[PDB]
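Take a look at the structure below.
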Amino acid sequence: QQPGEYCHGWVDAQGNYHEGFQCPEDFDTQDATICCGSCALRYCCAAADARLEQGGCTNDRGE
């Protein structure tokens with residue numbers, strides 16, 4: 001069973017840092033294995049069409 005994605009920590013458009021987290025989070029549904037959303041608002045979800053390609057985000061420490 002493949003592990004869920006990780007939402008890396010980021011800073012939002014209001015300048016606030018959000019810590020990263022492994023998907024699904026403890027009180028997420030078990031199918032919420034994808035880091036979804038936008039670079040400024042990342043969250044675990046189950047829908048491939050909502051996946052965030054985090055490698056392209058600029059507002060995190062990642063390559």
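Ordering of the structure tokens sets the chain letters (A, B, ...), residue numbers begin anew at 1 in every chain, and ligands are numbered from 1 in the order given.
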Can you tell me, as a list in words, which residues in chain A count as strand (DSSP E) by DSSP?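 So the strand (DSSP E) residues in chain A would be residues 6, 7, 10, 11, 17, 18, 21, 22, 34, 35, 36, 37, 38, 41, 42, 43, 44 and 45 of chain A.
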Residues at most 12 Å from residue 49 (chain A), counting only C-alpha atoms, excluding those fewer than 5 positions away in the same chain, as a list in words? residues 34, 35, 36, 37 and 38 of chain A
For a quick check of understanding, using only C-alpha atoms, which of A:59, A:50, A:45, A:20 has the smallest distance to residue 32 (chain A)?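 Ranking A:59, A:50, A:45, A:20 by distance to residue 32 (chain A), first place goes to A:45.
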Return the single residue from A:41, A:53, A:23, A:48 that is closest to residue 3 (chain A), with distances computed using only C-alpha atoms. A:23
Which residues are near residue 25 (chain A)? Cut-off 10 Å, only C-alpha atoms, ignore same chain within fewer than 2 positions. Put them as a PyMOL selection string. chain A and resi 4+6+21-23+27-30+32-33+43-45
Writer output for current selection, C-alpha atoms, as a PDB file, in the first residue's frame:
```pdb
ATOM      1  CA  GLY A   4       0.005   9.127   1.280  1.00  0.00           C
ATOM      2  CA  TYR A   6       3.028  14.984   2.264  1.00  0.00           C
ATOM      3  CA  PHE A  21       1.746  17.351   7.342  1.00  0.00           C
ATOM      4  CA  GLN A  22       1.438  13.802   6.183  1.00  0.00           C
ATOM      5  CA  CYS A  23      -1.782  12.815   4.390  1.00  0.00           C
ATOM      6  CA  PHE A  27      -9.008  13.085  11.429  1.00  0.00           C
ATOM      7  CA  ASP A  28      -9.143  13.109   7.646  1.00  0.00           C
ATOM      8  CA  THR A  29     -10.962  10.404   5.744  1.00  0.00           C
ATOM      9  CA  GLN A  30      -8.693   7.492   4.899  1.00  0.00           C
ATOM     10  CA  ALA A  32      -7.581  11.779   1.576  1.00  0.00           C
ATOM     11  CA  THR A  33      -4.108  10.692   0.525  1.00  0.00           C
ATOM     12  CA  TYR A  43      -4.879  20.244   2.376  1.00  0.00           C
ATOM     13  CA  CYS A  44      -5.306  16.468   2.107  1.00  0.00           C
ATOM     14  CA  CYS A  45      -7.962  15.261  -0.282  1.00  0.00           C
TER      15      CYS A  45
END
```
Residues near region 10-19 of chain A, cut-off 10 Å, only C-alpha atoms, skip fewer than 5 positions along chain, as a list in words: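 These residues fall inside the cut-off: residues 38, 39, 40, 41, 42, 57, 58, 59, 60, 61 and 62 of chain A.
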